[PDB]
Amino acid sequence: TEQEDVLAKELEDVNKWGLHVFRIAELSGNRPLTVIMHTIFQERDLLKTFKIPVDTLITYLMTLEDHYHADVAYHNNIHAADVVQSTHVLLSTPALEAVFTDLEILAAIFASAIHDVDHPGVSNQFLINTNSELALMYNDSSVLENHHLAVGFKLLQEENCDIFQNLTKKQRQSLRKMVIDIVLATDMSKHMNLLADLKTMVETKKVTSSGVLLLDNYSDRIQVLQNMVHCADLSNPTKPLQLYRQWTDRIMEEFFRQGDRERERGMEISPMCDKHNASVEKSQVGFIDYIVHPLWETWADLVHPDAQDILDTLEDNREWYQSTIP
């Protein structure tokens, strides 16, 4: 009850950017995804809205969480929980108030939860270069992201795991399509085109009487949800520094382990994966400058000024990492 009391206290921050997700992972007995998803579903009244039995939700979440690899440093259940919670916060931004339906909200949150499930800790390119079964199955195209979807949906069919059992056929059809569109958009090979389209939307942005974003067709609606989850996936450098540094520690461990496998095969070691020749700090500054800040600056423009503090933190963290180089 004492550890449970402390966990409940920490979960009171579920609506805040910079939640202590690593603390929650420890306090929950390595069940951050289950406890954070359960909390968010309760917070958003999703169990009642979609008639989800609580035991079914918990059973699915525990099984989903189990299919993240405990021995992968970055792409594990803590990352999934973090992306879920970040998406949850982004969904609540004033500029999107009443924009999305309950089904669309469910899609975005569910997509976030499953988006990296059964990740092996190596990149799509590694899987392609090594002639893996995954790459063979998926014809070198969004190899991991296709797999995450297949696993996430497949687990719904396990005993007492169908959390969507009380949705209508049309609701299930719509949800499935939206979730596929969102998770496939987390493939970094799609980033530049996704960002280009987001910029176009910002340039042509329209708002309602209430000052809320106007999205009146599927293409625009799904595009915003795709970029939202993608922003959440790329949110580490926008978090308070003590969180960001832990994420960087973890991704570098994962990258180095891949580089060790490439070194042992006689392959050229991938960028940033050589533990004997890797500038962690320069790499983060480049990551922010070329990928994360261009994305987040554009998201911030879409919802201006809702995300100014997130953007300010990103810029501060970029400055901090840069300062360690000279």
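Start at 1 with the first residue shown and count on from there. Definition used throughout: the rigid core is the maximal C-alpha set that superposes within 1.5 Å between two forms.
### Query
Is 203-211 or 80-88 the stretch whose C-alphas end up farther from this model in 8 other deposited structures of this protein after a rigid core fit?
Larger mean C-alpha displacement, comparing 203-211 and 80-88 in 8 other deposited structures of this protein, is found in 203-211.
### Of 263-271 and 56-64, which departs more from this form in 8 other deposited structures of this protein by CA RMS after core fitting
With the rigid core fitted, 263-271 is the stretch that strays more in 8 other deposited structures of this protein.
### Residue stretch of maximal mean CA temperature factor, 316-324 vs 1-9
Per the deposited B-factors, the answer is 1-9.
### Message
When the Cα temperature factors in the entry are averaged, is it 89-97 or 141-149 that ends up higher?
### Response
Between 141-149 and 89-97, it is 89-97.
#### Entry: C-alpha B-factor winner, where the candidates are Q42, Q284, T59, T34
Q42 has the highest C-alpha B-factor of those listed.
### Query
Highest CA temperature factor in the entry: which of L127, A232, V117, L214?
That would be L214.
### Task
Sorting the chain's modelled residues by C-alpha B-factor, tell me whether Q226 ends up in the lowest, middle or highest third.
Answer is lowest: the recorded C-alpha B-factor places it there.
### Task
Report the third (lowest, middle or highest) to which the CA temperature factor of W247 belongs, ranking only the modelled residues of the same chain.
According to the entry, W247 has a C-alpha B-factor in the chain's lowest third.
### Query
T204's Cα B-factor: lowest, middle or highest third of the chain?
As the PDB entry reports it, the C-alpha B-factor of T204 lands in the highest third of its chain.
### Task
Sorting the chain's modelled residues by C-alpha B-factor, tell me whether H67 ends up in the lowest, middle or highest third.
As the PDB entry reports it, the C-alpha B-factor of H67 lands in the lowest third of its chain.
### Message
Which third, lowest, middle or highest, does the C-alpha temperature factor of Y218 belong to within its own chain?
### Response
Ranked within chain, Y218 CA B lands in the highest tercile.
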